[PDB]
Amino acid sequence: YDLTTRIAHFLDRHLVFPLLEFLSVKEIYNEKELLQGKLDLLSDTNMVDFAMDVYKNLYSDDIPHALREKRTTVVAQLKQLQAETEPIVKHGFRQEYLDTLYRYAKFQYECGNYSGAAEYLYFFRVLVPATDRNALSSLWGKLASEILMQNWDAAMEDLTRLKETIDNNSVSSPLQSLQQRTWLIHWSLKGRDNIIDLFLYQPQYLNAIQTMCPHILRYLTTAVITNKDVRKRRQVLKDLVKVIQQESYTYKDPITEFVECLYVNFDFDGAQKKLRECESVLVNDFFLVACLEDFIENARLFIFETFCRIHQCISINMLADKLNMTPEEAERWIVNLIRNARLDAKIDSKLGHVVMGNXXXXXXXXXXXXXXXXXXXXXXXXXX
Amino acid sequence: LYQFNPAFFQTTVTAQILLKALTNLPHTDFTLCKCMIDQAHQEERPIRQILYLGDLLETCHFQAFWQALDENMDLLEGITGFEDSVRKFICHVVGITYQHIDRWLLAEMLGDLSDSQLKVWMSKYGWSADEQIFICXXXXXXXXXXXXXXXXX
Amino acid sequence: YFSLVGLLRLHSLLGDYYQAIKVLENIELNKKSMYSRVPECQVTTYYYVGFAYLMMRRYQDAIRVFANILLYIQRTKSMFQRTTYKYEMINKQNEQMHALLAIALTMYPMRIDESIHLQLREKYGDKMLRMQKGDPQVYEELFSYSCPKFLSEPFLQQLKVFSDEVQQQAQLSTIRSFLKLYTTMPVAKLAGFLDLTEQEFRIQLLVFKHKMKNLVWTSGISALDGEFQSXXXXXXXXXXXXXXXXXXXXXXXX
């Protein structure tokens, strides 16, 4: 995939630069695109720490003019805001003070000092004229800064403060924004079964701010598909396949759409080949990178379970040959899966035979029949 | 008498009563005795230890029993045949829970016996080694007719 | 008879189990005198019977006596409704007795009934859920939190003995519930299921131990292979047909 479009695609500044730096650090130190674009993008802004890093090797050559100007303009801005806030604390007006807290927050954020951006951001608590706009926007900010400082605990916290807050409007997406933040927190924190529930829930039809439109499609999709323990047939069917709204996000990244159609349709080989194909790109995703190996393995386990429950006796060697993936690798994967107790697969690699089992038998059916009879009797008693 | 007249509680006699009760498993003797001793006394040494040993026997953890059993325990010395009585219970359980059993395993469960001693117990219950020690219409129709009639009605 | 029952209860509180049981055995007397004299006395007798059953290994006898004192869910799952005639304090005592019976009641059959019992309390419903889960960790915690209920005298119940015994029986039931029905079973599947039980080594031991109990049957256990193997039918069918007819009869009669 081209970087220009990816970097272009995400509105957020952190995504714009942090993603470039991730792609650069994440895959190859040598490649130009991560470093050139990050350099040029950083030089458009007030953070010299990021700029200093760019100056360092693997980064665009250091320029004296860029740093001195940024640095000095900052000194000036800090003095200005300091005074203005002094004066605002001393006209006795809440709105001005709130703006100052917000403006110190903005200043610190662009300057790249995140702790302070957070502190002065939430300092606007007391001076909030109203919880819904003064307070919920404070939430959106703590959410941005917390995501960027990598505390997703705090993200959930201000998500519950925001969505717990009494005034809620159905029309506003902010519902959308908060869903996205929560989804992201769950995803960063077996399958969560929360992340997907969140991402699948709605589309604002307005820019995510937090989540790439493709990002929501892929995160929702993969998290769901991997939720064997949590997911209902509906969860595969109800909340993804049948879900018309989510279709919008899905049509954005069609490779993922077909991946899910493949899985739902029982062609797990196709599905897993798509996944193998995308793996290298998905390892470039700043939020997804850490969970990739887990989600794919879970999907594979689910596929095995679908194969495994439907056949009493399996020719393992044939399956490995006919798998479309190497037989030895498949056997190794099964061996890894089994100890976890994910699969009740009865397997000897050497035999190549696999066997899974879900008067005694006859008694079983008889027992069930008796059970039903009991229920019927109970109903009769109730009627009486 | 001990429960009703606490000052007479005798540790040795109580311990011997409990140990002899165990020699009478699978019968309920051991459980009945426990019903006759309050918590405070069951928690005292060596009653606590004896109940623990009994627990291993009741739950049929024979290897654990022999291991935990301080063979040179004072109270056991005077209790004639204690060890063999325990073995009778074990063979009672074995006769019920095994079809075939490893010769080495049986000796372990009986208290790590020599092959010669094991032979004594196999002989006692008639067990022998194999490959190993060898251890071990019209009315209906009428009923349907009636049932059918009832259903129809 | 009332004096005997009270005396027996006193002995049980401060008294040995067997003598109290003998007193209970003498104790039962015609229902009718008790019914004429008061509503409560019969309930007290039922409670005493339930206590004896609880002391007794069988929970069946106590299950009947308790239901008669208080309404209980019947075989065939029909509601049993008790009379409200007895004096309100006596009725409260009866409700307490019913709460006690739940412990006996769960052992008797099934399954998740608390309909007569108030929905809001998590003390009994939570316990029912934990049993349903089949995982001890929740069960153990339920005892730990509601430690206070068990204690309610302290010497009389110094060690919580009965509750612990009951829980250990309760833990075993779920494993038997798979109840074999498989001619030959992979060891690994058994290990995964037995692993959940607190002892890791139990399956080598825990599985063999289950066979000794005889609740569940294991075939080929201790084998070199290491994989477990696992007119009468007509009678069963006939039995079912009978039940169906019975249900129909009740419907017609109704």
# chains A, B, ... in the order shown; residues from 1 in each chain; ligands from 1

call {"tool": "residues_around", "arguments": {"residues": "residue 170 (chain C)", "least_positions_apart": "5", "cutoff": "12 Å", "atoms": "only C-alpha atoms", "output": "ChimeraX atom specification"}}
result
/C:103-104,106-108,127-128,130-136,139-140,163-165,175-177

call {"tool": "closest_atom_pairs", "arguments": {"of": "chain A", "to": "chain C", "cutoff": "12 Å", "atoms": "only C-alpha atoms", "output": "tab-separated table"}}
result
residue	atom	partner	partner_atom	distance
A:335	CA	C:188	CA	11.5
A:338	CA	C:188	CA	8.5
A:339	CA	C:192	CA	8.0
A:340	CA	C:192	CA	8.5
A:341	CA	C:192	CA	5.9
A:342	CA	C:192	CA	9.4
A:343	CA	C:189	CA	8.7
A:344	CA	C:189	CA	5.5
A:345	CA	C:189	CA	7.8
A:346	CA	C:186	CA	5.9
A:347	CA	C:186	CA	8.9
A:348	CA	C:186	CA	11.0
A:354	CA	C:186	CA	10.6
A:355	CA	C:186	CA	8.5
A:356	CA	C:186	CA	8.0
A:357	CA	C:185	CA	7.4
A:358	CA	C:182	CA	8.8
A:359	CA	C:181	CA	8.1
A:360	CA	C:181	CA	4.5
A:361	CA	C:181	CA	5.3
A:362	CA	C:233	CA	7.8
A:363	CA	C:233	CA	7.8
A:364	CA	C:181	CA	7.0
A:365	CA	C:181	CA	10.3
A:366	CA	C:236	CA	7.1
A:367	CA	C:236	CA	9.3
A:368	CA	C:240	CA	10.8
A:369	CA	C:240	CA	7.5
A:370	CA	C:240	CA	6.6
A:371	CA	C:76	CA	9.6
A:372	CA	C:76	CA	9.9
A:373	CA	C:243	CA	6.9
A:374	CA	C:76	CA	4.8
A:375	CA	C:77	CA	6.4
A:376	CA	C:76	CA	7.1
A:377	CA	C:76	CA	4.1
A:378	CA	C:77	CA	3.2
A:379	CA	C:78	CA	6.4
A:380	CA	C:78	CA	6.7
A:381	CA	C:78	CA	3.7
A:382	CA	C:78	CA	5.1
A:383	CA	C:78	CA	8.3
A:384	CA	C:254	CA	7.6

call {"tool": "write_last_selection", "arguments": {"atoms": "N, CA and C atoms", "output": "CSV table (one decimal), in the first residue's frame"}}
result
chain,number,residue,atom,x,y,z
A,335,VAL,N,-0.9,-28.5,17.4
A,335,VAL,CA,-0.2,-28.9,18.6
A,335,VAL,C,-0.1,-27.7,19.6
A,338,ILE,N,-3.8,-27.1,21.0
A,338,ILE,CA,-4.4,-28.1,21.8
A,338,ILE,C,-4.2,-27.9,23.4
A,339,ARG,N,-3.0,-27.6,23.8
A,339,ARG,CA,-2.6,-27.6,25.2
A,339,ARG,C,-3.4,-26.5,25.9
A,340,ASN,N,-3.7,-25.4,25.1
A,340,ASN,CA,-4.5,-24.3,25.7
A,340,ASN,C,-5.9,-24.8,26.0
A,341,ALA,N,-6.2,-25.9,25.4
A,341,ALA,CA,-7.6,-26.5,25.5
A,341,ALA,C,-8.6,-25.9,24.6
A,342,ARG,N,-8.0,-25.1,23.7
A,342,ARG,CA,-8.9,-24.5,22.7
A,342,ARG,C,-9.6,-25.5,21.8
A,343,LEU,N,-8.8,-26.6,21.5
A,343,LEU,CA,-9.4,-27.6,20.6
A,343,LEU,C,-9.4,-28.9,21.5
A,344,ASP,N,-10.5,-29.7,21.3
A,344,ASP,CA,-10.4,-31.1,21.8
A,344,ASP,C,-10.2,-32.0,20.7
A,345,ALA,N,-9.0,-31.8,20.0
A,345,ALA,CA,-8.5,-32.5,18.9
A,345,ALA,C,-7.6,-33.7,19.4
A,346,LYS,N,-7.9,-34.9,19.0
A,346,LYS,CA,-7.3,-36.1,19.4
A,346,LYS,C,-6.2,-36.5,18.4
A,347,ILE,N,-5.0,-35.9,18.5
A,347,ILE,CA,-4.1,-36.0,17.3
A,347,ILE,C,-2.8,-36.6,17.6
A,348,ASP,N,-2.3,-37.5,16.7
A,348,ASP,CA,-1.0,-37.9,16.6
A,348,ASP,C,-0.4,-37.5,15.3
A,354,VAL,N,-6.4,-38.0,13.0
A,354,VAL,CA,-7.0,-37.2,14.0
A,354,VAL,C,-8.4,-37.7,14.2
A,355,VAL,N,-8.8,-37.7,15.5
A,355,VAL,CA,-10.1,-38.2,15.9
A,355,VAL,C,-10.6,-37.4,17.0
A,356,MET,N,-11.7,-36.7,16.8
A,356,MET,CA,-12.4,-35.9,17.9
A,356,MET,C,-13.8,-36.4,18.2
A,357,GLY,N,-14.1,-36.5,19.5
A,357,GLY,CA,-15.4,-37.0,19.9
A,357,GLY,C,-16.1,-36.0,20.8
A,358,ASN,N,-17.3,-35.7,20.4
A,358,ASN,CA,-18.1,-34.8,21.2
A,358,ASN,C,-18.9,-35.5,22.3
A,359,UNK,N,-24.6,-49.3,24.6
A,359,UNK,CA,-25.6,-49.2,25.7
A,359,UNK,C,-25.6,-47.8,26.2
A,360,UNK,N,-24.4,-47.2,26.5
A,360,UNK,CA,-24.3,-45.9,27.0
A,360,UNK,C,-25.0,-44.9,26.1
A,361,UNK,N,-24.6,-44.9,24.8
A,361,UNK,CA,-25.2,-44.0,23.8
A,361,UNK,C,-26.8,-44.1,23.9
A,362,UNK,N,-27.3,-45.3,23.8
A,362,UNK,CA,-28.7,-45.6,23.8
A,362,UNK,C,-29.3,-45.0,25.1
A,363,UNK,N,-28.6,-45.1,26.2
A,363,UNK,CA,-29.1,-44.6,27.5
A,363,UNK,C,-29.1,-43.1,27.4
A,364,UNK,N,-28.2,-42.5,26.8
A,364,UNK,CA,-28.1,-41.0,26.6
A,364,UNK,C,-29.5,-40.5,26.1
A,365,UNK,N,-29.8,-41.0,24.9
A,365,UNK,CA,-31.1,-40.6,24.3
A,365,UNK,C,-32.3,-40.8,25.2
A,366,UNK,N,-32.3,-42.0,25.9
A,366,UNK,CA,-33.3,-42.3,26.8
A,366,UNK,C,-33.4,-41.3,27.9
A,367,UNK,N,-32.2,-40.9,28.5
A,367,UNK,CA,-32.1,-39.9,29.5
A,367,UNK,C,-32.8,-38.6,29.1
A,368,UNK,N,-32.4,-38.1,27.9
A,368,UNK,CA,-33.0,-36.9,27.4
A,368,UNK,C,-34.5,-37.0,27.4
A,369,UNK,N,-35.0,-38.1,26.8
A,369,UNK,CA,-36.4,-38.3,26.7
A,369,UNK,C,-37.1,-38.1,28.1
A,370,UNK,N,-36.5,-38.7,29.1
A,370,UNK,CA,-37.0,-38.7,30.4
A,370,UNK,C,-37.0,-37.2,30.9
A,371,UNK,N,-36.0,-36.5,30.6
A,371,UNK,CA,-35.9,-35.1,31.0
A,371,UNK,C,-37.1,-34.3,30.5
A,372,UNK,N,-37.4,-34.4,29.2
A,372,UNK,CA,-38.5,-33.7,28.7
A,372,UNK,C,-39.8,-34.1,29.4
A,373,UNK,N,-39.9,-35.4,29.6
A,373,UNK,CA,-41.1,-35.9,30.3
A,373,UNK,C,-41.3,-35.2,31.6
A,374,UNK,N,-40.2,-35.0,32.3
A,374,UNK,CA,-40.2,-34.3,33.6
A,374,UNK,C,-40.7,-32.9,33.5
A,375,UNK,N,-40.2,-32.1,32.5
A,375,UNK,CA,-40.6,-30.8,32.3
A,375,UNK,C,-42.2,-30.8,32.1
A,376,UNK,N,-42.6,-31.6,31.2
A,376,UNK,CA,-44.1,-31.7,30.9
A,376,UNK,C,-44.9,-31.9,32.2
A,377,UNK,N,-44.4,-32.8,33.0
A,377,UNK,CA,-45.1,-33.1,34.3
A,377,UNK,C,-45.2,-31.8,35.1
A,378,UNK,N,-44.1,-31.1,35.2
A,378,UNK,CA,-44.0,-29.9,35.9
A,378,UNK,C,-45.1,-28.9,35.4
A,379,UNK,N,-45.2,-28.7,34.1
A,379,UNK,CA,-46.2,-27.8,33.6
A,379,UNK,C,-47.6,-28.2,34.0
A,380,UNK,N,-47.9,-29.5,33.9
A,380,UNK,CA,-49.2,-30.0,34.3
A,380,UNK,C,-49.5,-29.6,35.8
A,381,UNK,N,-48.5,-29.8,36.7
A,381,UNK,CA,-48.6,-29.4,38.1
A,381,UNK,C,-49.0,-28.0,38.2
A,382,UNK,N,-48.2,-27.1,37.5
A,382,UNK,CA,-48.4,-25.7,37.5
A,382,UNK,C,-49.9,-25.3,37.1
A,383,UNK,N,-50.3,-26.0,36.1
A,383,UNK,CA,-51.7,-25.7,35.6
A,383,UNK,C,-52.7,-26.1,36.7
A,384,UNK,N,-52.5,-27.2,37.4
A,384,UNK,CA,-53.4,-27.6,38.4
A,384,UNK,C,-53.4,-26.6,39.5

call {"tool": "residues_around", "arguments": {"residues": "region 144-152 of chain B", "least_positions_apart": "3", "cutoff": "7 Å", "atoms": "only C-alpha atoms", "output": "PyMOL selection string"}}
result
(chain B and resi 140-141) or (chain C and resi 241+245)

call {"tool": "write_last_selection", "arguments": {"atoms": "N, CA, C and O atoms", "output": "compact mmCIF listing (two decimals), in the first residue's frame"}}
result
# COMPACT_ATOMS: atom_id res chain seq x y z
N UNK B 140 -45.27 -57.10 26.55
CA UNK B 140 -44.82 -55.83 26.01
C UNK B 140 -45.78 -55.34 24.94
O UNK B 140 -46.17 -54.17 24.93
N UNK B 141 -46.17 -56.24 24.03
CA UNK B 141 -47.08 -55.90 22.95
C UNK B 141 -48.39 -55.38 23.52
O UNK B 141 -48.90 -54.36 23.07
N UNK C 241 -43.61 -44.09 27.85
CA UNK C 241 -44.98 -44.15 27.36
C UNK C 241 -45.95 -43.98 28.51
O UNK C 241 -46.98 -43.33 28.37
N UNK C 245 -48.87 -41.07 29.10
CA UNK C 245 -50.26 -41.39 29.36
C UNK C 245 -50.73 -40.68 30.63
O UNK C 245 -51.83 -40.13 30.66

call {"tool": "residues_around", "arguments": {"residues": "residue 13 (chain A)", "least_positions_apart": "5", "cutoff": "10 Å", "atoms": "only C-alpha atoms", "output": "MDAnalysis selection string"}}
result
chainID A and resid 7 18:19 41:42 110 209

call {"tool": "closest_residue", "arguments": {"among": "C:115, C:197, C:146, C:12", "to": "chain B", "atoms": "only C-alpha atoms"}}
result
C:12

call {"tool": "closest_atom_pairs", "arguments": {"of": "chain C", "to": "chain B", "cutoff": "9 Å", "atoms": "only C-alpha atoms", "output": "Markdown table"}}
result
| residue | atom | partner | partner_atom | distance |
| --- | --- | --- | --- | --- |
| C:15 | CA | B:4 | CA | 8.6 |
| C:16 | CA | B:36 | CA | 6.4 |
| C:17 | CA | B:35 | CA | 6.5 |
| C:18 | CA | B:35 | CA | 8.3 |
| C:155 | CA | B:39 | CA | 8.1 |
| C:156 | CA | B:38 | CA | 8.4 |
| C:157 | CA | B:39 | CA | 8.1 |
| C:158 | CA | B:39 | CA | 6.3 |
| C:159 | CA | B:39 | CA | 6.4 |
| C:161 | CA | B:39 | CA | 8.5 |
| C:205 | CA | B:61 | CA | 7.9 |
| C:208 | CA | B:97 | CA | 8.0 |
| C:209 | CA | B:60 | CA | 7.1 |
| C:211 | CA | B:97 | CA | 6.3 |
| C:212 | CA | B:97 | CA | 5.1 |
| C:213 | CA | B:97 | CA | 8.6 |
| C:214 | CA | B:97 | CA | 8.3 |
| C:220 | CA | B:99 | CA | 9.0 |
| C:221 | CA | B:98 | CA | 8.8 |
| C:222 | CA | B:101 | CA | 7.8 |
| C:223 | CA | B:101 | CA | 9.0 |
| C:234 | CA | B:140 | CA | 8.2 |
| C:235 | CA | B:140 | CA | 8.6 |
| C:238 | CA | B:144 | CA | 7.6 |
| C:241 | CA | B:147 | CA | 6.6 |
| C:242 | CA | B:147 | CA | 7.1 |
| C:244 | CA | B:151 | CA | 8.3 |
| C:245 | CA | B:150 | CA | 6.4 |
| C:248 | CA | B:151 | CA | 7.5 |
| C:249 | CA | B:150 | CA | 8.4 |

call {"tool": "atom_distance", "arguments": {"atom1": "CA of residue 272 (chain A)", "atom2": "CA of residue 353 (chain A)"}}
result
22.8 Å

call {"tool": "residues_around", "arguments": {"residues": "region 47-51 of chain B", "least_positions_apart": "3", "cutoff": "12 Å", "atoms": "only C-alpha atoms", "output": "PyMOL selection string"}}
result
chain B and resi 9-22+30-31+33-34+37-44+54-58+65+68-70+73+75-76

call {"tool": "select_by_dssp", "arguments": {"residues": "region 175-245 of chain C", "states": "helix (DSSP H, G or I)", "output": "mmCIF file with N, CA, C and O atoms, in the first residue's frame"}}
result
data_model
loop_
_atom_site.group_PDB
_atom_site.id
_atom_site.type_symbol
_atom_site.label_atom_id
_atom_site.label_comp_id
_atom_site.auth_asym_id
_atom_site.auth_seq_id
_atom_site.Cartn_x
_atom_site.Cartn_y
_atom_site.Cartn_z
ATOM 1 N N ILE C 175 -18.692 -33.514 36.781
ATOM 2 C CA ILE C 175 -17.855 -34.458 36.047
ATOM 3 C C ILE C 175 -18.631 -35.720 35.671
ATOM 4 O O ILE C 175 -18.523 -36.215 34.548
ATOM 5 N N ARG C 176 -19.427 -36.223 36.609
ATOM 6 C CA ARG C 176 -20.271 -37.388 36.361
ATOM 7 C C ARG C 176 -21.283 -37.041 35.279
ATOM 8 O O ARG C 176 -21.591 -37.849 34.403
ATOM 9 N N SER C 177 -21.669 -35.775 35.221
ATOM 10 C CA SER C 177 -22.684 -35.325 34.272
ATOM 11 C C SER C 177 -22.326 -35.551 32.793
ATOM 12 O O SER C 177 -23.202 -35.872 31.990
ATOM 13 N N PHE C 178 -21.041 -35.478 32.462
ATOM 14 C CA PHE C 178 -20.604 -35.903 31.147
ATOM 15 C C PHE C 178 -20.970 -37.379 31.089
ATOM 16 O O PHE C 178 -21.451 -37.880 30.073
ATOM 17 N N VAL C 187 -7.248 -39.053 25.971
ATOM 18 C CA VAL C 187 -6.736 -38.654 27.277
ATOM 19 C C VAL C 187 -6.685 -37.138 27.433
ATOM 20 O O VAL C 187 -6.986 -36.602 28.500
ATOM 21 N N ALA C 188 -6.292 -36.454 26.364
ATOM 22 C CA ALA C 188 -6.096 -35.011 26.403
ATOM 23 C C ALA C 188 -7.389 -34.271 26.726
ATOM 24 O O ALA C 188 -7.383 -33.306 27.490
ATOM 25 N N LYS C 189 -8.496 -34.725 26.148
ATOM 26 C CA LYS C 189 -9.786 -34.105 26.412
ATOM 27 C C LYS C 189 -10.141 -34.251 27.888
ATOM 28 O O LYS C 189 -10.639 -33.316 28.513
ATOM 29 N N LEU C 190 -9.876 -35.432 28.437
ATOM 30 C CA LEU C 190 -10.104 -35.686 29.856
ATOM 31 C C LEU C 190 -9.209 -34.804 30.722
ATOM 32 O O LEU C 190 -9.645 -34.272 31.742
ATOM 33 N N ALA C 191 -7.957 -34.655 30.304
ATOM 34 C CA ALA C 191 -6.991 -33.847 31.040
ATOM 35 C C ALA C 191 -7.413 -32.383 31.088
ATOM 36 O O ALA C 191 -7.283 -31.722 32.118
ATOM 37 N N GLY C 192 -7.920 -31.883 29.967
ATOM 38 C CA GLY C 192 -8.374 -30.509 29.881
ATOM 39 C C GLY C 192 -9.534 -30.241 30.818
ATOM 40 O O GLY C 192 -9.605 -29.187 31.452
ATOM 41 N N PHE C 193 -10.447 -31.202 30.903
ATOM 42 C CA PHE C 193 -11.603 -31.073 31.742
ATOM 43 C C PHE C 193 -11.264 -31.219 33.250
ATOM 44 O O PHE C 193 -11.602 -30.349 33.983
ATOM 45 N N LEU C 194 -10.446 -32.212 33.634
ATOM 46 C CA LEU C 194 -9.882 -32.484 34.961
ATOM 47 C C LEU C 194 -8.886 -31.503 35.474
ATOM 48 O O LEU C 194 -8.696 -31.349 36.642
ATOM 49 N N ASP C 195 -8.288 -30.776 34.535
ATOM 50 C CA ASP C 195 -7.359 -29.690 34.827
ATOM 51 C C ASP C 195 -8.067 -28.588 35.607
ATOM 52 O O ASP C 195 -7.481 -27.959 36.488
ATOM 53 N N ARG C 202 -4.998 -34.863 39.776
ATOM 54 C CA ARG C 202 -6.250 -35.530 40.111
ATOM 55 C C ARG C 202 -6.732 -36.474 39.010
ATOM 56 O O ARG C 202 -7.261 -37.546 39.298
ATOM 57 N N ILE C 203 -6.561 -36.075 37.753
ATOM 58 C CA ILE C 203 -7.080 -36.866 36.641
ATOM 59 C C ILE C 203 -6.456 -38.260 36.591
ATOM 60 O O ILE C 203 -7.159 -39.247 36.375
ATOM 61 N N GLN C 204 -5.146 -38.345 36.802
ATOM 62 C CA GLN C 204 -4.489 -39.640 36.941
ATOM 63 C C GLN C 204 -5.050 -40.303 38.190
ATOM 64 O O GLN C 204 -5.322 -41.503 38.219
ATOM 65 N N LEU C 205 -5.219 -39.482 39.219
ATOM 66 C CA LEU C 205 -5.842 -39.849 40.440
ATOM 67 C C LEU C 205 -7.262 -39.526 40.548
ATOM 68 O O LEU C 205 -8.036 -40.324 41.109
ATOM 69 N N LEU C 206 -7.669 -38.233 40.078
ATOM 70 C CA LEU C 206 -9.025 -37.790 40.169
ATOM 71 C C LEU C 206 -9.970 -38.657 39.323
ATOM 72 O O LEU C 206 -11.058 -38.980 39.822
ATOM 73 N N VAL C 207 -9.529 -39.054 38.122
ATOM 74 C CA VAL C 207 -10.304 -39.920 37.218
ATOM 75 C C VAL C 207 -10.533 -41.396 37.782
ATOM 76 O O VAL C 207 -11.633 -41.948 37.792
ATOM 77 N N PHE C 208 -9.444 -41.980 38.271
ATOM 78 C CA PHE C 208 -9.487 -43.298 38.892
ATOM 79 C C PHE C 208 -10.366 -43.262 40.138
ATOM 80 O O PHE C 208 -11.121 -44.196 40.406
ATOM 81 N N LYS C 209 -10.259 -42.172 40.893
ATOM 82 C CA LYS C 209 -11.048 -41.991 42.106
ATOM 83 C C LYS C 209 -12.535 -41.953 41.776
ATOM 84 O O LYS C 209 -13.359 -42.501 42.509
ATOM 85 N N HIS C 210 -12.872 -41.305 40.666
ATOM 86 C CA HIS C 210 -14.256 -41.206 40.221
ATOM 87 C C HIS C 210 -14.814 -42.596 39.929
ATOM 88 O O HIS C 210 -15.968 -42.889 40.238
ATOM 89 N N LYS C 211 -13.984 -43.446 39.335
ATOM 90 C CA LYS C 211 -14.378 -44.815 39.026
ATOM 91 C C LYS C 211 -14.700 -45.575 40.308
ATOM 92 O O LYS C 211 -15.651 -46.357 40.353
ATOM 93 N N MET C 212 -13.908 -45.338 41.347
ATOM 94 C CA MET C 212 -14.125 -45.978 42.638
ATOM 95 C C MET C 212 -15.478 -45.566 43.209
ATOM 96 O O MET C 212 -16.197 -46.384 43.784
ATOM 97 N N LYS C 213 -15.820 -44.293 43.040
ATOM 98 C CA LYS C 213 -17.109 -43.777 43.483
ATOM 99 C C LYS C 213 -18.231 -44.479 42.729
ATOM 100 O O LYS C 213 -19.275 -44.796 43.297
ATOM 101 N N UNK C 232 -33.758 -54.218 28.319
ATOM 102 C CA UNK C 232 -33.638 -53.059 29.180
ATOM 103 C C UNK C 232 -34.162 -51.823 28.468
ATOM 104 O O UNK C 232 -34.945 -51.062 29.036
ATOM 105 N N UNK C 233 -33.731 -51.621 27.222
ATOM 106 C CA UNK C 233 -34.154 -50.478 26.438
ATOM 107 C C UNK C 233 -35.673 -50.457 26.323
ATOM 108 O O UNK C 233 -36.295 -49.417 26.522
ATOM 109 N N UNK C 234 -36.265 -51.611 26.008
ATOM 110 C CA UNK C 234 -37.702 -51.720 25.870
ATOM 111 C C UNK C 234 -38.389 -51.230 27.138
ATOM 112 O O UNK C 234 -39.351 -50.467 27.071
ATOM 113 N N UNK C 235 -37.897 -51.675 28.298
ATOM 114 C CA UNK C 235 -38.460 -51.281 29.572
ATOM 115 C C UNK C 235 -38.456 -49.765 29.697
ATOM 116 O O UNK C 235 -39.453 -49.172 30.103
ATOM 117 N N UNK C 236 -37.330 -49.137 29.345
ATOM 118 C CA UNK C 236 -37.202 -47.694 29.421
ATOM 119 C C UNK C 236 -38.271 -47.028 28.565
ATOM 120 O O UNK C 236 -38.947 -46.108 29.020
ATOM 121 N N UNK C 237 -38.415 -47.495 27.323
ATOM 122 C CA UNK C 237 -39.399 -46.947 26.410
ATOM 123 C C UNK C 237 -40.791 -47.044 27.015
ATOM 124 O O UNK C 237 -41.535 -46.071 27.024
ATOM 125 N N UNK C 238 -41.139 -48.230 27.531
ATOM 126 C CA UNK C 238 -42.430 -48.446 28.132
ATOM 127 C C UNK C 238 -42.661 -47.445 29.254
ATOM 128 O O UNK C 238 -43.759 -46.919 29.405
ATOM 129 N N UNK C 239 -41.626 -47.188 30.051
ATOM 130 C CA UNK C 239 -41.716 -46.256 31.154
ATOM 131 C C UNK C 239 -42.109 -44.876 30.641
ATOM 132 O O UNK C 239 -43.011 -44.247 31.189
ATOM 133 N N UNK C 240 -41.430 -44.410 29.591
ATOM 134 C CA UNK C 240 -41.706 -43.116 29.010
ATOM 135 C C UNK C 240 -43.160 -43.052 28.553
ATOM 136 O O UNK C 240 -43.854 -42.074 28.830
ATOM 137 N N UNK C 241 -43.610 -44.089 27.849
ATOM 138 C CA UNK C 241 -44.976 -44.147 27.357
ATOM 139 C C UNK C 241 -45.946 -43.984 28.509
ATOM 140 O O UNK C 241 -46.976 -43.328 28.365
ATOM 141 N N UNK C 242 -45.625 -44.592 29.653
ATOM 142 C CA UNK C 242 -46.474 -44.518 30.827
ATOM 143 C C UNK C 242 -46.597 -43.073 31.292
ATOM 144 O O UNK C 242 -47.697 -42.606 31.575
ATOM 145 N N UNK C 243 -45.469 -42.374 31.368
ATOM 146 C CA UNK C 243 -45.457 -40.992 31.800
ATOM 147 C C UNK C 243 -46.335 -40.151 30.885
ATOM 148 O O UNK C 243 -47.118 -39.328 31.359
ATOM 149 N N UNK C 244 -46.207 -40.359 29.572
ATOM 150 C CA UNK C 244 -46.989 -39.622 28.598
ATOM 151 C C UNK C 244 -48.477 -39.823 28.866
ATOM 152 O O UNK C 244 -49.245 -38.865 28.851
ATOM 153 N N UNK C 245 -48.872 -41.070 29.101
ATOM 154 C CA UNK C 245 -50.260 -41.389 29.365
ATOM 155 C C UNK C 245 -50.730 -40.682 30.629
ATOM 156 O O UNK C 245 -51.827 -40.126 30.659
#

call {"tool": "residues_around", "arguments": {"residues": "residue 113 (chain B)", "least_positions_apart": "3", "cutoff": "12 Å", "atoms": "only C-alpha atoms", "output": "list in words"}}
result
residues 66, 83, 84, 87, 103, 104, 105, 106, 107, 108, 109, 110, 116, 117, 118, 119, 120, 121 and 122 of chain B

call {"tool": "residues_around", "arguments": {"residues": "residue 129 (chain A)", "least_positions_apart": "6", "cutoff": "10 Å", "atoms": "only C-alpha atoms", "output": "number ranges by chain"}}
result
A: 94-95, 98, 135

call {"tool": "atom_distance", "arguments": {"atom1": "CA of residue 45 (chain A)", "atom2": "CA of residue 101 (chain A)"}}
result
20.8 Å
